[PDB]
Every structure is written in C-alpha cells, then in structure tokens.
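Below is one structure; the comments refer to it alone.
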Amino acid sequence: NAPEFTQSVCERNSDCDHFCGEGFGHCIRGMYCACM
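In structure tokens:
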C-alpha cells in the first residue's frame, strides 16, 4: 500500500509568497506550505 494524496498546495514557492507573504512563504517539498 503506497498512497499519495498530498497535493501540492503550491506548485511554485511564490504561491506561498501569496499565502504567507513574499519572503515569508516556503514550500515544503512542494507538498505543503509553511510560513516564516
């Protein structure tokens, strides 16, 4: 069993620059996002 449903919330780190703000956005593995 190998499931993967962890959809990329950000395709680009710059999506996180919209979510957390530019310079505060970090895409973790291109899976989920974390803010500075």
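Residue numbers (the numbering used here): 31 to 66.
Built from N, CA and C at the ideal position, the CB exists for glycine as well.
Compute the Euclidean distance between the alpha carbons of residue i and residue j, then round it to the nearest angstrom.
i: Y62; j: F54; result: 14 Å
i: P33; j: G51; result: 31 Å
i: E41; j: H48; result: 12 Å
Taking the alpha-carbon of residue i as reference, which of the options has the nearest alpha-carbon?
i: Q37; options: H48, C65, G60, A64; result: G60
Only counting the same chain, and skipping five residues up and downstream in sequence, which positions put a Cβ closer than 6 Å to that of residue i?
i: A64; result: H56, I58
i: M66; result: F54
Please return the same chain residues whose Cβ sits closer than 8 Å to the Cβ of residue i, not counting the five positions on each side in sequence.
i: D45; result: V39, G55, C57, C63
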